[PDB]
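No lab work stands behind these numbers, since they all come straight from the coordinates. Please note: Cβ atoms are built from the backbone with ideal geometry, for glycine as well, and neighbour counts cover all protein chains shown.
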């Protein structure tokens, strides 16, 4: 699976020849991007859980 | 090395408190589901009983109606057993569902029961989870009811009731202490031998509680006869067991089959897996038998065997040592006298019972939002209430007339015996409501007054349509009462819905007499259903035809008069679920914990209620809410003007809230007071209930109790002096403080003669949260509005009077005023604004404005859609030390944007820019690349912030670095693309160039003079880097060329100023980077603009993506910045005009000056930042001008980051232009 | 009545329509209950009545 | 149905690489090697060209041979 912004993604897919079939999936945002997100992001998203010990 | 034993109790343990507490529970799905389903099976199995048994069973709808009978003791065994089993199962389910206790397991647990619980032990001993136990629980309930019915029937066959039965059921068992079991049995044998009794009537041992105590059961009269023989020291007590069980001479296997018949055969019955420890049987350990088999054996224990309680502890100890453990933890459920059980079992094991009496049970915090208890039966909140009243015009005047204790009865004004009639009958502000000035009389006074009061109530509640997810345009129902008299009164809620734009349910209910009260009841019902999130309620009773005809309305605390003293009221309230109102920060005034009613079918003479029904209703309501009568402080009466009611109901109400001790004393500890709003204002036929609600709310707000205008003569013969029963009436004000850390609850009830007896309980508002955070804002904005010049004048004068009366309240009030008057009102056409730092500044400004308006100056509305703004982005020539770090501190959106941009720059290997907005000190040592990146980042962040406030650009313009920020505002580029372009261009020009080789010079003179005053043609000696304006131009080049030009120009007496820019854009310096810049440029994703871009690079307005090819960036970076021609083209194109409002996004008004010069000296300009002016004075000035122009600013987002100023004050009502209409 | 994307009759069984308005008029308050009464009679007699209004 | 079904057959032949005459009733998607991703792409191509309301999983869920797909397209 390959993901990017829709315009650049379409640009890249156009250079895939015939025996390289392709489709589109219903994903509306980028995930699994080590170059886009950092530990600060995971801290922010998971920060809704109050701290406790049980 | 520890085991937990689960034990269940027999019928001795009272289960009235447990059942009620379980009924109270609402935060556990399983418990509520089981408690709802149990009544169904109870009624189902109860319908299969013999005719006689069914005849003697009370009719009920749910369990709430059974507990009173259980307490009274007039409840037959058949349903008593089922209720007991229901209580045990519900308690266990609650313990193991909301108590988060692991379900018992065969590894380290065992179960036991006695005489009822052996039924429950198998049910609990089969399922492995609470969910898997509910069907088995209901099956066990059915089995228990059938067993109780069978036992009751056999008992009835053996002996009948007595003539003094009085409903109560006699007892069949008695515990005996002071004699050994075998000796007592021998005594009974001797007794029967002495007499001659049938083998089915002799007394027998039911249980052997121990060597020192035992139990014996028999028929009632036979039981008493035998007890008479038992002398001292033997002591006897009568247990509350109603039928003979444990009788091996009255039942046989056939009855066991009959009881078990309710379980259909099948192969899916779960096998019992958790060991059951029983003692009456021979083998004391049970496991493996199918559910029907274990159930039948339990029934046999409950019906045929005598329970040998004395051996219970030994059995548990035996099982414990069989497993190999050395201690047992008792967990008794509904087991009477359970404390002694603990040590009794422990004494038979090794004495190593480690205390360890600790159970960490700190609940995990609940997910935000879900913490609130499911919408079912949540407290209701009364946000605000407004309404006219006789001899008054609002709530405040109503309170004033109340406290003085003055009767409102008066002679009818000629404009329309005496009566309590509104002084001003019908006056309307037709202009505000978009109606013909002459068609107002067609609409009757009731609709007009309802509309006025509803508008006032909504305004006072700080509710604006479509601002919060709970005040939508389609989640606001309207319930209205109807009196006895679409474009008529039937559509009053329709008119409210249409004008105030609410698109929600509307109704005009009226049952017989409590039309408004029933409407409120159903409004709360709908709110609890979730149909709507807000509700406007409150009926009206204004008369239309005088029809005045004896000469008396109502005597002081008596019924000698014949009239009812009817009155008028147009009260209207708002309603929200308390969690929502709390989450929205509204002025919660009170609450409605619970409401219930009946119809009082029984009647005395024509239409009367009954004391028993009233007592039942009061007990019911006090139970569902879960509060005792000792905490109800005041109660109010609706009344009907009848004879027996208005007097005797007083004794009826105290019957429950203050019953008399049997010995003779005051049950209540705190004094109770009663009142009747229909004593001064009079009876509001269709609105008396809502008028009384308004009176209660006023009492709560002012924290007093009104002197009574009633009792002044000898007390009525039907109303005994209540002073003895901790109750009385007050002749004067009696302070009623809010108890510290406590709450003051009130119970309002209506006694309409028709039969309705609706009642509800109020509850003071939750402790008002004390905001601590201070408001960092120094300058604040106060806004007003109206729909007519006279209305605006009235509003301004009312606000001026209000401010003068709170000039010395506190320093932290002005932010509250700004928030309430800007973000919690609907802004009409006629606008007015004042801004300042303190209350006195605002007051003086408003006073001057009102003086100007009253001098004779007219009032003009604003344009229809508001003004159009042309943004402006500055180049990198005015940055200073602290670039709005205050914005980075006080605004969450700005901070998030800057953090995001810093992260993205770090992603591209660009310098971080967070330091620039935090320390305020690194500006002195910032690299040019960091400088430009910070400039562009700040531009984008400020533009986004401003757009959030509600300003939509009509055109854009930048100056040689705001172009990149300008494009994004137009939508041509994405933020990442702009940042990448700016950063990479900076890197390229830093890498390939030498610092300080070129420079730039600014000259204030015409181009012709500049060319004529310097030797050498432009282009080789000097170049016009940017054409700024008519008389403003800037030049750039090499050091030698620039110094020569400076010498030539200054020698001509033309002042010229060096520019500190170490680099020089639009010069020969930028020549050697164009290839790489183009290469980087092509990689971006250009897009069609969403709005025109006033591009100075090409000197033409651009409205297509074809002009933004990757070569456009090279041309912009190389070619000069022609600004005058582009601005002239925009002016002639009609894009710009003398009416649009310029707005600079950047450090200081430099571009806006150019625009104003090139468009007209009368154009308005605003700068969002300045070197020597705190940003907020500029912000408030700009927002005030936008507002007064006619814009629609998003105020709610202007205050969202300042919790200190989030509180709705109580501003004076809207200044209606009162015009008289009556026909 | 869905319309096929290619264009055809997708709703297999006929979907009759009727209105009591023409037969007896309009009550403005009892129209709903009168219509429901007509539905009950149609269900009992299992017969869609002829339409009037041509 | 005939024209739409024949266009569908052309799409299937294109995706699977087989020929129209080969996609007969008896043939099974397993033998054709119509993989699950292949089913998704075929469904997308069908709903894009012939504009049919075919869910992405009916091909895999219901159609084990060409005959079942033919029946589904019969409508």
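Numerical summary
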| quantity | calculated |
| --- | --- |
| Considering residues of region B:148-161 that are out of contact with any helix residue (DSSP H, G or I) (no Cβ under 8 Å at 6 or more places or on another chain) and part of a loop (DSSP other than H, G, I, E, B) only, the residue farthest from residue B:72 (Cα to Cα) | B:160 |
| Region B:1159-1177, residues that are over 37 Å from the mean Cα position of the chain (by Cα) and under 23 Å from residue B:969 (Cα atoms) | B:1159, B:1163, B:1164, B:1165, B:1166, B:1167, B:1168, B:1169, B:1170 |
| Where residue B:209 falls short, out of the listed (1) touching a helix residue (DSSP H, G or I) at 6+ places or on another chain (Cβ under 8 Å); (2) in a loop (DSSP other than H, G, I, E, B); (3) surrounded by 14 or more Cβ atoms within 10 Å (Cβ to Cβ) | (2) |
| Residue under evaluation residue A:52, criteria (1) within 13 Å of chain B (Cβ to nearest Cβ); (2) loosely packed, with under 10 Cβ neighbours inside 10 Å; (3) under 26 Å from residue B:904 (Cα atoms), criterion not met | (3) |
| Any hit, region B:1087-1099, residues being touching a helix residue (DSSP H, G or I) at 6+ places or on another chain (Cβ under 9 Å), within 14 Å of another protein chain (Cβ to nearest Cβ), part of a loop (DSSP other than H, G, I, E, B) and under 22 Å from residue B:973 (Cα atoms) | yes |
| Output for region D:39-60, where each listed residue is under 21 Å from residue D:18 (Cα atoms) and in contact with a helix residue (DSSP H, G or I) (Cβ under 8 Å, 6 or more places away or on another chain) | D:39, D:41, D:42, D:43, D:45, D:46, D:49, D:50, D:59, D:60 |
| Residue D:31 surrounded by fewer than 16 Cβ atoms within 10 Å (Cβ to Cβ), away from every other protein chain (no Cβ under 14 Å) and not in a loop (DSSP other than H, G, I, E, B) | yes |
| Strands (runs of 3 or more DSSP E) within region B:953-1042 that include 1 or more residues within 30 Å of residue B:1086 (Cα to Cα) | B:953-957, B:1023-1027 |
| Hits in region B:471-501 - residues which are over 21 Å from residue B:433 (Cα atoms) and touching a strand residue (DSSP E or B) at 6+ places or on another chain (Cβ under 7 Å) | B:471, B:475 |
| Tally of residues being within 14 Å of chain C (Cβ to nearest Cβ) and either in a loop (DSSP other than H, G, I, E, B) or within 10 Å of the chain's Cα centre (by Cα) (or both) across region D:34-54 | 6 |
| Qualifying residues in region C:1-32 (those that are part of a loop (DSSP other than H, G, I, E, B) and either touching a helix residue (DSSP H, G or I) at 6+ places or on another chain (Cβ under 7 Å) or under 19 Å from residue D:4 (Cα atoms) (or both)) - the one nearest to the other protein chains (Cβ to nearest Cβ) | C:5 |
| Filter result for the condition that a residue is farther than 22 Å from residue C:2 by Cα, away from every other protein chain (no Cβ under 12 Å) and not in a helix (DSSP H, G or I), over D:12, D:23, D:69 | D:23 |
| Long-range neighbours under 6 Å by Cβ, at least six apart or interchain, first residue surrounded by 13 or more Cβ atoms within 10 Å (Cβ to Cβ) within region B:715-741, second not in a loop (DSSP other than H, G, I, E, B) | B:716/B:647; B:718/B:647; B:718/B:648; B:719/B:647; B:719/B:650; B:727/B:672 |
| Some residue of region B:346-359 being surrounded by 19 or more Cβ atoms within 10 Å (Cβ to Cβ), closer than 19 Å to residue B:276 by Cβ and away from chain A (no Cβ under 14 Å) | no |
| Residue identified as outside any loop (DSSP other than H, G, I, E, B), more than 21 Å from residue B:814 (Cβ to Cβ) and out of contact with any helix residue (DSSP H, G or I) (no Cβ under 9 Å at 6 or more places or on another chain) among B:1156, B:1185, B:1171 | B:1156 |
| Residue in region B:106-115 that is in a helix (DSSP H, G or I) and either on the phi < 0 side of the Ramachandran plot or touching a strand residue (DSSP E or B) at 6+ places or on another chain (Cβ under 8 Å) (or both) present | no |
| Any hit, region A:40-49, residues being at the interface with chain B (Cβ under 9 Å from one of its Cβ atoms) and either part of a loop (DSSP other than H, G, I, E, B) or touching a helix residue (DSSP H, G or I) at 6+ places or on another chain (Cβ under 8 Å) (or both) | yes |
| Search result, residues across region B:844-879 that are surrounded by 19 or more Cβ atoms within 10 Å (Cβ to Cβ) and part of a helix (DSSP H, G or I) | B:846 |
| Subset of region B:360-379 that is surrounded by 11 or more Cβ atoms within 10 Å (Cβ to Cβ) and farther than 14 Å from residue A:49 by Cβ - its residue that is nearest to the other protein chains (Cβ to nearest Cβ) | B:372 |
| Residue B:365 vs. criteria assigned to a loop (DSSP other than H, G, I, E, B) and touching a strand residue (DSSP E or B) at 6+ places or on another chain (Cβ under 6 Å) | no |
| Residue B:458 being buried (at least 22 other Cβ atoms within 10 Å of the Cβ) and part of a helix (DSSP H, G or I) | yes |
